[PDB]
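Heads up, the thing below is written out as structure tokens.
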Amino acid sequence: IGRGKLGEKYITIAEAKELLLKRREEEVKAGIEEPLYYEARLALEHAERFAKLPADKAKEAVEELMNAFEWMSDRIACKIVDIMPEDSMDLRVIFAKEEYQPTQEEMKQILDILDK
Amino acid sequence: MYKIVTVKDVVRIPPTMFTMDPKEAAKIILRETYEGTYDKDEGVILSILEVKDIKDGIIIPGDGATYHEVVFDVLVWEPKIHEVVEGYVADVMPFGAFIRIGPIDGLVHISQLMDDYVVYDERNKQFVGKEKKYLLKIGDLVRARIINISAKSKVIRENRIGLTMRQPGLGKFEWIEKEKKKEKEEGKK
Amino acid sequence: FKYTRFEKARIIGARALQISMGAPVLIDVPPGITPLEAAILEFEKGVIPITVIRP
């Protein structure tokens, strides 16, 4: 018996934020001088650079984007919530290398879900 | 980009930590073993989250330490080729620009910075377009596209990542706004 | 449950090996006792954490 993968799911930047701050508080309470190692704190800086949406509301946004459409995957909703697109150009670039291109009406719907 | 992976694994728990409960000991051993390393297929192991189920130990001849089947979630960040990237420029160099994409830094070649010709101004050690009068300086926030990923070893430092910047829909947010203005102008004419 | 000779030998050897690497002794032992003698004392007392599995 060796390493094996049992599951896999994609997450937003805000979740990584709150999880790494949980790690930080645990290590600070433990008394560690550097709560997260150097790569971990660089990742935390990047996460706090673009954590636009609060974590719980980020979950609600991802679940709403899941409920709205069926052609998109979990990673698609995660990166959409990370990007925060405002018009057709940003989402066109997001899906530019993706195999699927949605109708601009669904693009308006994505912007609406972002607004709520 | 960040993701959560549930992994089954066998943990060698040394006799010195037999006092504490198996969950915390397995957590610690996984912190020492996986955390802070690069994996070829899932990215960079960032933080072990928690362990759900830990099995009873198996004593194998030779060492005397217990081996346990474990199930745990690892927060791992995976770069994907031909995707979108949001980040700020940590530093710039004459051969390319360093773009912060998360746990690791990406490289944007000067040949991919602009369709216009670029020159590395040494007055502030910054880039500047020849005719567009655009510039890149340390601390600028830019949007780019990842195009190449290379993984040498489990050390995150050694592995390098290269991005592209000229392609439409990318650039400094001010340049993106200017391109949007041009799109509106051509739609209004 | 009656241990065989080989099961007893494996249990005592594993326990002594664990004790030699800092696993705390589950009983009180006289000073100067070698780890193997400590494991044998543990087995004779009856406090045996290691369990053998059979098909």
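Please note that chains go A, B, ... in the order of the structure tokens, that every chain numbers its residues from 1, and that ligands are numbered from 1 in the order shown.
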Practice prompt. Compile the residues of chain C that lie within 6 Å of chain B, evaluated using only C-alpha atoms, and express the compilation as a list in words.
Written response: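 Using only C-alpha atoms, chain C residues at most 6 Å from chain B: residues 14, 17, 18, 22 and 23 of chain C.
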Residue subset to file, keeping N, CA and C atoms, as a short mmCIF file (atom, residue, chain, number, x, y, z; two decimals), in the first residue's frame:
```
data_model
loop_
_atom_site.label_atom_id
_atom_site.label_comp_id
_atom_site.auth_asym_id
_atom_site.auth_seq_id
_atom_site.Cartn_x
_atom_site.Cartn_y
_atom_site.Cartn_z
N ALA C 14 9.94 -6.99 18.95
CA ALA C 14 9.40 -5.69 18.54
C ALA C 14 9.31 -4.73 19.71
N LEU C 17 12.80 -3.54 20.58
CA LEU C 17 13.25 -2.59 19.56
C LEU C 17 12.59 -1.23 19.74
N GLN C 18 11.30 -1.22 20.06
CA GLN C 18 10.62 0.05 20.32
C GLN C 18 11.19 0.74 21.55
N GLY C 22 13.25 4.84 22.41
CA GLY C 22 12.60 5.86 23.20
C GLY C 22 11.15 5.62 23.55
N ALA C 23 10.58 4.49 23.16
CA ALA C 23 9.21 4.19 23.56
C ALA C 23 9.18 3.96 25.07
#
```
Find the residues of chain B in contact range of chain A, meaning any atom within 6 Å when counting only C-alpha atoms, and list them as a compact mmCIF listing (two decimals) with N, CA and C atoms, in the first residue's frame.
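Generated output (result00.txt):
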```
# COMPACT_ATOMS: atom_id res chain seq x y z
N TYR B 2 -5.24 26.87 -6.69
CA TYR B 2 -5.38 26.11 -5.45
C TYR B 2 -6.51 25.09 -5.56
N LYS B 3 -6.31 23.95 -4.89
CA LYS B 3 -7.30 22.87 -4.89
C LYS B 3 -7.07 22.02 -3.65
N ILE B 4 -8.09 21.23 -3.30
CA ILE B 4 -8.04 20.32 -2.16
C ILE B 4 -8.09 18.89 -2.68
N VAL B 5 -7.13 18.08 -2.25
CA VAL B 5 -7.00 16.70 -2.71
C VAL B 5 -7.03 15.78 -1.49
N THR B 6 -7.87 14.75 -1.55
CA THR B 6 -7.93 13.73 -0.52
C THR B 6 -7.04 12.56 -0.93
N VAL B 7 -6.06 12.24 -0.10
CA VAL B 7 -5.02 11.28 -0.44
C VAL B 7 -5.00 10.17 0.61
N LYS B 8 -4.94 8.93 0.15
CA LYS B 8 -4.66 7.79 1.02
C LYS B 8 -3.15 7.53 1.01
N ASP B 9 -2.60 7.21 2.18
CA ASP B 9 -1.16 7.12 2.31
C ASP B 9 -0.86 6.30 3.56
N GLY B 102 1.49 32.85 -7.31
CA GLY B 102 1.09 32.09 -6.16
C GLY B 102 2.28 31.68 -5.31
N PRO B 103 2.36 30.39 -4.99
CA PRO B 103 3.54 29.90 -4.25
C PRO B 103 4.84 30.06 -5.02
N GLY B 169 -6.56 40.43 -24.72
CA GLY B 169 -7.18 40.22 -23.43
C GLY B 169 -6.23 40.19 -22.26
```
Worksheet item: Could you pull out the strand (DSSP E or B) residues of chain A from DSSP and send them as a PyMOL selection string?
Response: chain A and resi 4-10
Any chance you can output those residues with N, CA, C and O atoms as a PDB file, in the first residue's frame?
```pdb
ATOM      1  N   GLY A   4      -2.165   7.097  -2.789  1.00  0.00           N
ATOM      2  CA  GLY A   4      -3.309   6.968  -3.671  1.00  0.00           C
ATOM      3  C   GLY A   4      -4.262   8.123  -3.473  1.00  0.00           C
ATOM      4  O   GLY A   4      -4.369   8.688  -2.381  1.00  0.00           O
ATOM      5  N   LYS A   5      -4.967   8.463  -4.549  1.00  0.00           N
ATOM      6  CA  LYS A   5      -5.877   9.599  -4.566  1.00  0.00           C
ATOM      7  C   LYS A   5      -7.308   9.107  -4.398  1.00  0.00           C
ATOM      8  O   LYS A   5      -7.774   8.263  -5.170  1.00  0.00           O
ATOM      9  N   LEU A   6      -7.999   9.639  -3.390  1.00  0.00           N
ATOM     10  CA  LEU A   6      -9.379   9.266  -3.107  1.00  0.00           C
ATOM     11  C   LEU A   6     -10.387  10.285  -3.613  1.00  0.00           C
ATOM     12  O   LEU A   6     -11.521   9.913  -3.931  1.00  0.00           O
ATOM     13  N   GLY A   7     -10.003  11.556  -3.701  1.00  0.00           N
ATOM     14  CA  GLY A   7     -10.906  12.587  -4.178  1.00  0.00           C
ATOM     15  C   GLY A   7     -10.128  13.762  -4.721  1.00  0.00           C
ATOM     16  O   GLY A   7      -8.898  13.809  -4.655  1.00  0.00           O
ATOM     17  N   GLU A   8     -10.872  14.724  -5.263  1.00  0.00           N
ATOM     18  CA  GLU A   8     -10.272  15.912  -5.853  1.00  0.00           C
ATOM     19  C   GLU A   8     -11.349  16.971  -6.034  1.00  0.00           C
ATOM     20  O   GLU A   8     -12.424  16.685  -6.565  1.00  0.00           O
ATOM     21  N   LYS A   9     -11.051  18.190  -5.589  1.00  0.00           N
ATOM     22  CA  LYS A   9     -11.962  19.310  -5.760  1.00  0.00           C
ATOM     23  C   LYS A   9     -11.153  20.594  -5.862  1.00  0.00           C
ATOM     24  O   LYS A   9     -10.022  20.673  -5.374  1.00  0.00           O
ATOM     25  N   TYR A  10     -11.746  21.596  -6.499  1.00  0.00           N
ATOM     26  CA  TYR A  10     -11.097  22.877  -6.730  1.00  0.00           C
ATOM     27  C   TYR A  10     -11.667  23.935  -5.796  1.00  0.00           C
ATOM     28  O   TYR A  10     -12.835  23.877  -5.400  1.00  0.00           O
TER      29      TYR A  10
END
```
Worksheet item: Got a sec to tell me which of chain A DSSP assigns to helix (DSSP H, G or I), as an MDAnalysis selection string?
Response: chainID A and resid 13:30 38:49 55:68 74:83 88:94 104:115
Fill in: CA of residue 69 in chain B to CA of residue 42 in chain C, distance in Å rounded to a single decimal
27.5 Å
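If you look at CA of residue 50 in chain B and CA of residue 30 in chain A, they are 17.1 Å away from each other.
The shell of residues at most 12 Å from range 116-130 of chain B, with only C-alpha atoms counted and near chain neighbours (fewer than 2 positions) removed, consists of residues 89, 90, 91, 92, 93, 94, 95, 96, 97, 98, 108, 109, 110, 111, 112, 113, 114, 132, 133, 134, 135, 136, 137, 138, 139, 140, 165 and 166 of chain B.
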Practice prompt. List the neighbours of range 154-158 of chain B out to 7 Å using only C-alpha atoms; skip same-chain residues closer than 5 positions along the sequence, and give me the result as a list in words.
Written response: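 My reading of the contact set: residues 37, 38 and 39 of chain B.
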Item to complete: Within 12 Å of residue 44 in chain C, counting only C-alpha atoms, which residues show up once you throw out same-chain ones fewer than 4 positions away? Write them as a list in words, please.
Response: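 These residues fall inside the cut-off: residues 8, 11, 12, 27, 37, 38, 39, 40 and 48 of chain C.
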Using N, CA and C atoms, can you write the selected residues to a file as a CSV table (one decimal), in the first residue's frame?
```csv
chain,number,residue,atom,x,y,z
C,8,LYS,N,5.5,-15.1,20.5
C,8,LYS,CA,6.1,-14.6,21.7
C,8,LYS,C,7.4,-13.9,21.3
C,11,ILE,N,6.8,-10.7,19.4
C,11,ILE,CA,6.3,-9.6,20.2
C,11,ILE,C,7.4,-9.0,21.1
C,12,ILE,N,8.2,-9.9,21.7
C,12,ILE,CA,9.2,-9.4,22.6
C,12,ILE,C,10.3,-8.7,21.9
C,27,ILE,N,6.0,-0.4,32.5
C,27,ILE,CA,6.1,-0.8,33.9
C,27,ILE,C,7.3,-0.2,34.5
C,37,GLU,N,15.7,-7.3,28.4
C,37,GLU,CA,15.2,-7.7,29.7
C,37,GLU,C,13.9,-6.9,30.1
C,38,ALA,N,13.9,-5.6,29.7
C,38,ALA,CA,12.7,-4.8,30.0
C,38,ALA,C,11.5,-5.3,29.2
C,39,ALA,N,11.7,-5.7,27.9
C,39,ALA,CA,10.6,-6.2,27.1
C,39,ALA,C,10.2,-7.6,27.7
C,40,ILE,N,11.1,-8.4,28.1
C,40,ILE,CA,10.7,-9.7,28.7
C,40,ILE,C,10.0,-9.5,30.0
C,48,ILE,N,0.9,-6.1,27.3
C,48,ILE,CA,1.4,-6.3,25.9
C,48,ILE,C,0.6,-5.5,25.0
```
